[PDB]
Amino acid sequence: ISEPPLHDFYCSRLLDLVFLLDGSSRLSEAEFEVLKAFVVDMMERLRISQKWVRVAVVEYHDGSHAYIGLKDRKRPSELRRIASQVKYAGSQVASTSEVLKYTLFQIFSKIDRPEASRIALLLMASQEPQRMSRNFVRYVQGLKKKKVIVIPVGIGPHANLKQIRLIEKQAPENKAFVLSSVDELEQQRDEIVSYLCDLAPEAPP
């Protein structure tokens, strides 16, 4: 049908995958461009369709800015162009607690695709005020109950390792990647997309 593979690696599985991008000034404009490029490389190595891999892209500061929903029926090349054009916020704070609440109540409020795995790829560079973490474990526990796998990727020395370890504790498929900087994302990309692809089923209809 519509649009052939760009690379030899091509994940043809039943997967709802959500990209959550740290919008804080812990990343420079140039470092944020590197993060989006990683997101666009990932997207090019997936079979994007309502039948195969669904993608969502959210940028988070003290609130969530959704650019693509799982259900947005558009051309892969259109979706990838949108992801490449996500704006730099350079915000004071990036709230893991807020973007996980958004993912729980706004993206995964109901499970359309019980046949699919569901993955939150939480791309973290920063540490939220301790006043904003009141309900953090609650929302991660709410995602574990909706069968959403949370994969925290800590980027850089300011990423909150306490929270990454906490997320891993709350459930066993919740598995973390700890990176020294954005430049490591491209090193780590093939291992990461292979790991994400293997957590998903090949058409179990």
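A residue's number is simply how far along the shown sequence it sits, counting from 1.
- Checked against the record, the higher mean CA B factor of 56-64 and 168-176 lies with 168-176.
- When 3-11 is weighed against 196-204, 196-204 comes out higher, by mean CA B-factor as recorded in the entry.
- Looking only at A30, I151, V39, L46, the residue with the top Cα B factor in the deposited structure is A30.
- Looking at the C-alpha B-factors along this chain, the one for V86 belongs to the middle third.
- Among the modelled residues of the chain, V137 sits in the highest third by CA temperature factor in this PDB entry.
- Among the modelled residues of the chain, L123 sits in the lowest third by CA temperature factor in this PDB entry.
- The entry lists a Cα temperature factor for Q130 that places it in the highest third of the chain's modelled residues.
- The deposited CA B-factor of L79 belongs to the middle third of values across its chain.
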